[PDB]
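Listed below, chain by chain, are the residues.
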Amino acid sequence: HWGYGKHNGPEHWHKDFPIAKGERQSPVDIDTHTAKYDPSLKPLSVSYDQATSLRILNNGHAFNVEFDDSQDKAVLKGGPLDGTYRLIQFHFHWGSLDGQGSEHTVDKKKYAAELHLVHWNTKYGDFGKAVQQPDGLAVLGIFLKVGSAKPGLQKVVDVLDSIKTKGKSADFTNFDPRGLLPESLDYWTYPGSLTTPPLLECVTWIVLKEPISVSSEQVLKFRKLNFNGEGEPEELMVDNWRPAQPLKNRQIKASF
Ligand SMILES: NNC(=O)c1[nH]c2ccc(S(N)(=O)=O)cc2c1-c1ccccc1
Ligand SMILES: [Hg+2]
Ligand SMILES: [Zn+2]
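Residues numbered from 1 in each chain as written, not as in the entry; some residues may be left out. Chains lettered and ligands numbered in written order. Heavy atoms only, no water.

- Labelled according to the PDB entry, the chain appears under the name Carbonic anhydrase 2, originating from Homo sapiens.
- Here the PDB entry's recorded title is "Carbonic anhydrase inhibitors. Interaction of 2-(hydrazinocarbonyl)-3-phenyl-1H-indole-5-sulfonamide with twelve mammalian isoforms: kinetic and X-Ray crystallographic studies".
- Annotation of the chain in UniProt includes, under Subunit (literature references left out), the sentence "Interacts with SLC4A4. Interaction with SLC4A7 regulates SLC4A7 transporter activity. Interacts with SLC26A6 isoform 4 (via C-terminus cytoplasmic domain)." (UniProt positions renumbered as here; feature names shortened; annotations may be inferred.)

### Points about the coordination of the zinc ion (ligand 3)
- Taken together, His 91 (NE2), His 93 (NE2) and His 116 (ND1) make up the protein donors of the zinc ion (ligand 3), found 2.0 to 2.1 Å from the metal.
- For the zinc ion (ligand 3), the 4 donor atoms in the first shell make angles of 99 to 126 degrees at the metal, a pattern classed as tetrahedral. (Donors = N, O, S within 2.8 Å, 3.2 Å for Na, K, Ca; no water. Tetrahedral: all angles 85-135°; square planar, octahedral: opposite > 155°, others 65-115°.)

### Here's the deal with the side chain of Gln 25
- Turning to its location among the elements, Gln 25 is positioned in the loop between helix 1 (13–16) and strand 1 (29–30).
- Here the side chain of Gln 25 touches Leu 199 through a polar contact of 3.1 Å, landing on its backbone oxygen.
- If we ignore the near neighbours within four places in the chain, the residues touching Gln 25 are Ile 19, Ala 20, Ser 193, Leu 199, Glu 201, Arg 242, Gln 245, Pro 246 and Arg 250. (Helix = DSSP H or I, 4+ residues; strand = E, 2+ residues; numbered from the N terminus. Polar contact = N/O pair within 3.5 Å; in protein donor to acceptor, adjacent residues only side chain to side chain. Contact = heavy atoms within 4.5 Å.)

### Concerning the site of ligand 1
- Close to ligand 1 lie 15 residues, the nearest being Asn 59, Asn 64, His 91, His 116 and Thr 195.
- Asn 59 is positioned such that a nitrogen or oxygen atom in its side chain is 2.8 Å from a nitrogen atom of ligand 1.
- Between ligand 1 and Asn 64, the relevant distance is 2.4 Å, taken from a nitrogen atom to a side-chain nitrogen or oxygen of the residue.
- Its free accessible area being 480 Å², ligand 1 has 83% of it covered by the protein chains.
- At the level of elements, strand 7 (85–94) and strand 9 (113–121) are the ones that each hand at least two residues to the shell around ligand 1. (Near = heavy atom within 4 Å. Areas by Shrake-Rupley, 256 points an atom, 1.4 Å probe, with all protein chains shown as cover.)

### Some details on the packing of aromatic side chains
- A full pass over the atoms with the stated rule returns 15 aromatic pairs.
- Aromatic side chains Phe 67 and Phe 90 sit 5.8 Å apart centroid to centroid with 50 degrees between the ring planes, which places their arrangement in the tilted category. Note that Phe 67 is positioned in strand 5 (residues 63–67) and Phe 90 in strand 7, a separation of 23 residues in sequence. Across the pair, exposure class does not vary: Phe 67 and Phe 90 are buried alike.
- When its relative accessible area of 0% is taken as the criterion, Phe 90 is described as buried.
- An aromatic cluster of at least three residues, connected via ring pairs, comprises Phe 63, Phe 67, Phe 90, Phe 92, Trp 94, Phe 172, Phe 175 and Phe 222.
- For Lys 109, the ring lying beneath its charged end belongs to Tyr 111, and the centroid distance is 4.8 Å. (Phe/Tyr/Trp six-rings, centres within 6.5 Å; stacked < 30°, edge-to-face > 60°. Buried < 20%, exposed > 50% of the residue type's maximum accessible area, 1.4 Å probe, protein only. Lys NZ or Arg CZ within 6 Å of the ring centre and 35° of its normal.)

And the structure:
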């Protein structure tokens, strides 16, 4: 099935998922001199104080930290969004080297990794229904650069040993996603898609200008993960990022 390798990677995806060549695919390059400040944007509201993490899973592509979304506990609202979007999970995309790994790029600049906090529009009842709607999802994207360690990330880093291979999961309760945010909530926003198959065009992307810094040892542990299942030949989980897709005269707006 689909992956990130030469034989199942991003330019093979269109065969099983024709929408890969669609009109609002993600990620995209953010050309900072083409993005326009939008005064009609409300401030962004990230309410993660009552977030309830459930567990962490290696899905053979990346790892997901999953949250209980059966109540309004961790919500995204404001900015370009109408109504309330509930946090369901977060995950990352990263490279084999610090000079690559992010999915969105900024004036062609690739970051070492990208964090995606995935939220679904609560007017649709559940995630499965939300992904059938053009405004079903909101993904908050945060760039990672290598520098000082991010203390709020370390609990995630520590558990990765326990979920090395495809299909492995571990209890991951009481994780506070507030520890992953940069200071500034300045952002760019554009309408887009899932960056993974089925590549559904259901996403309002909100990409934060300010990156977080993570340590070299933190990222190195990400790179120790496996794409393969236990007992299979080792295929390191690295370069699990889709490259930038045609903007196709969508408009990227800036909050600042
Ligand atoms: N990880 N399992 C999933 O079902 C999944 N759901 C997603 C929703 C949104 C996005 S996104 N990257 O465009 O923010 C990704 C996912 C995923 C997923 C994420 C990483 C690897 C494989 C699947
Ligand atoms: Hg959709
Ligand atoms: Zn993602």
